[PDB]
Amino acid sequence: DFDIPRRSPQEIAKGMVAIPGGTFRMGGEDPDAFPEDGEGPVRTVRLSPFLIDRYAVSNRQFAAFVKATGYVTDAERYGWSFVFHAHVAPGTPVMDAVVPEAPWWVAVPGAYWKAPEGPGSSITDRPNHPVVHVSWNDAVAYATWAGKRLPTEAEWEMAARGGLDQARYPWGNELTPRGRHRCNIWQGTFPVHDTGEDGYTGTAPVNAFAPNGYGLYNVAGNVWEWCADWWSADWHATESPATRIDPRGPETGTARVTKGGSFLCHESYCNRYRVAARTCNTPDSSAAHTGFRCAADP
């Protein structure tokens, strides 16, 4: 509904790192991987050079987009969004809706990006947190307004891997090297109690913890990140140029790829904060643990 504003390369590039063109080994061979996630095979992928944000898009940055355009997010058009059960303050009205197999997810009317736990919450103390309750549609809109685009899954994974060849995490193979926490995921007993041992039992600021070798922050944990690709478990098992040179994912689908894991992920349940991990969500869905960062062409 809004015209695309004129932006300079250096304005688009602010807050982004230049990933140089090259190959990298994409995917995972973890024996415990859920086969339905299609984390394999591991393959070599060549990519044209691209820019990617150091940070997930923040609340402050999303509010600017909303203020400049008047964009209405899918969660506002719908009237509700998904809030984790422990974060719904008592008294808040909730739908009786049950996400099958995930009763910890609550449909809260009036939960959206500026009120992430429902009516009566605010983001005044979370300006540098990742924006959440943004659908894939909302993300594309921001990106296009900003002169950017969502990363492909391969761009996302190349950048999140930080110049490491087939490490488990963005920083290496140890979850907590030297016993220090490196991302915001779950600790304790999911979904009953998060001990917050890494410092956060919700979103953390987008600059939390140390960056990976390419300078990216919180590619592991904090919030799931929308990518451009249609989801599939097996399109990328074919060996062809379409799947190994600047791959765009399948031409069609019903859900869009999400990468990186979030503050709810934990080894005992999903184990999806590994950098090869992947899942999806339908493109107008939104939840309290899902955001995005942008990519751009140089």
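In case it trips you up, residue 1 is the first one in the sequence shown, and so on. Here the rigid core means the biggest group of C-alpha atoms that line up within 1.5 Å when the two forms are laid on top of each other.
- After a core fit, the C-alpha atoms in 8 other deposited structures of this protein lie farther on average from the shown form in one of 126-134 and 98-106, namely 98-106.
- When the mean C-alpha temperature factors of 205-213 and 224-232 are read from the deposited coordinates, 205-213 comes out higher.
- Taking the mean C-alpha B-factor of each stretch as recorded, 79-87 and 92-100 are not equal, and the higher mean is that of 92-100.
- When the C-alpha B-factors of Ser58, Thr258, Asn271, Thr243 are ranked from the entry, the top spot goes to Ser58.
- The PDB entry assigns its highest CA temperature factor, among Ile185, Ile123, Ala107, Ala160, to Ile123.
- In the deposited entry, the Cα temperature factor of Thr152 places it in the lowest third of its chain's modelled residues.
- In the deposited entry, the Cα temperature factor of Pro49 places it in the highest third of its chain's modelled residues.
- Among all modelled residues in its chain, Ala139 ranks in the lowest third by Cα B-factor.
- When the modelled residues of the chain are ordered by C-alpha B-factor, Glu239 sits in the middle third.
- Compared with the other modelled residues of the chain, the Cα B-factor recorded for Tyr169 ranks in the lowest third.
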